[PDB]
Amino acid sequence: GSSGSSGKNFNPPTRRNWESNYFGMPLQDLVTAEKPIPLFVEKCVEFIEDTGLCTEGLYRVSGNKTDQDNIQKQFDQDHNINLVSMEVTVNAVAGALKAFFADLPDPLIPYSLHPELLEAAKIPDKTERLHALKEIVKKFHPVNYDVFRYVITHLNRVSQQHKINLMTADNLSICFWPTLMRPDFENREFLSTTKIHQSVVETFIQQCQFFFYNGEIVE
């Protein structure tokens with residue numbers, strides 16, 4: 001006899017910027033007809049609201065970054081994760097939510113709707129301005145359109161209690177400007193137009209309800 005074991009040995013593989021078969025594929029592929037909106041996003045949105053929507057600058061202030069690391073990682077290795085169970089800091093979940101949009105292979109807003117969004121934002125008639133933006137947002141991809149709406153739907157809630165999260169529709173519209181649209185550092189190489197863009201985004205949120213909800217025109 002005298003049968004004794006010694007154990008086993010091995011070495012882990014390599015690691016690159018990231019490892020996932022989703023990043024490469026477009027959202028349209030990642031998501032399904034049944035659920036066009038990505039869980040990750042929702043889980044992050046519904047979470048914040050559930051854990052109270054009065055977190056000082058949920059987006060403006062993130063605090064730690066490591067928190068987001070596990071948020072995306074753990075979620076990657078396990079889609080059945082429970083943010084609540086982790087008991088992380090709202091600020092964290094907030095950032096992780098955006099990061100996703102930043103990873104997207106393409107910008108939420110297409111280049112074929114850049115001038116269309118501004119041309120409808122510079123409109124004099126307040127009402128018309130909302131209508132044009134309500135009809136233009138219809139051209140938005142049937143995959144991103146759903147999300148874009150869900151996201152904003154939450155922002156509006158944050159702007160309401162800005163007195164707490166010190167964040168208004170305008171502030172949020174800017175804090176999301178990066179992802180929503182990531183132009184080239186050299187955006188001044190050509191004629192510069194009035195800061196109408198910022199207004200566009202901000203507007204959508206402010207009047208994000210009137211669009212469908214038909215809520216009175218707020219100010």
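Using just its DSSP H runs of length 4 or more, each adding -39500 (n - 2.57), the chain gives a mean residue ellipticity at 222 nm of -14000 deg cm²/dmol after division by all residues. Build a GNM of the chain with springs between Cα atoms under 10 Å apart, and of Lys126, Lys134, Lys98 the one that fluctuates most is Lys126. With N as its number of residues, the range 1-107 has a Cα radius of gyration that, divided by 2.2 N^0.38 Å, comes to 1.42. Compute the distance from the alpha-carbon center of the range 50-86 to that of the range 150-213, in whole Å. After rounding, the separation between the Cα centres reads 22 Å.
Taking the Cα centre of the chain as the origin, how large is its charge dipole in debye, to the nearest 20, when only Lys and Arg (+1) and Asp and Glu (-1) carry charge on their Cβ atoms? Walk me through the numbers on the way to the answer.
Working: 21 positive and 28 negative charges, 59 e Å.
Around 280 debye, computed over the chain.
Are there chymotrypsin sites (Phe, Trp or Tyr not before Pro) in the range 173-218 that DSSP puts in a loop and that have at most 12 other Cβ atoms within 10 Å, and which ones? Taking the range 173-218 and a limit of 12 other Cβ atoms within 10 Å, the loop chymotrypsin sites (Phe, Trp or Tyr not before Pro) found are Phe185, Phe190, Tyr213.
Straight Cα distances below 27 angstrom link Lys73 to the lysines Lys35, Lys43, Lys65, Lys98, with same-chain residues fewer than 8 positions distant left out. Of the options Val147, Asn80, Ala121, report the single residue whose Cα projects farthest towards the positive end of the charge dipole of the chain (beta-carbon charges: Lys, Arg +1; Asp, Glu -1). Of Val147, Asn80, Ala121, it is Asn80. When peptides 26-33, 6-13 are ranked by their average number of other Cβ atoms within 10 Å per residue, the highest-first order is 26-33, 6-13. Neighbour counts of C-beta atoms inside 10 Å place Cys44, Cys175 in the sequence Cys175, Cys44, starting with the fewest.
How about the range 146-206: which GluC sites (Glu not before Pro) there are in a DSSP loop, with at most 15 other Cβ atoms within 10 Å of their Cβ?
Working: sites: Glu186, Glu189, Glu202; in loops: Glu186, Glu189.
Listed in order of number, the matching sites are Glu186, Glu189.
Selection among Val137, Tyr213, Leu39 by position relative to the dipole of the chain gives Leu39 as farthest towards the positive end (Cβ unit charges, Cα centre).
Mean shadow of the chain, computed from the convex hull of its alpha carbons, in nm²?
Details: hull surface 70.6 nm².
For the chain, the mean projected area of the Cα convex hull comes to 17.6 nm².
Please note: Cβ atoms are built from the backbone with ideal geometry, for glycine as well, and neighbour counts cover all protein chains shown. Read-outs throughout are calculated quantities, based only on the coordinates presented, and are distinct from any laboratory measurement.
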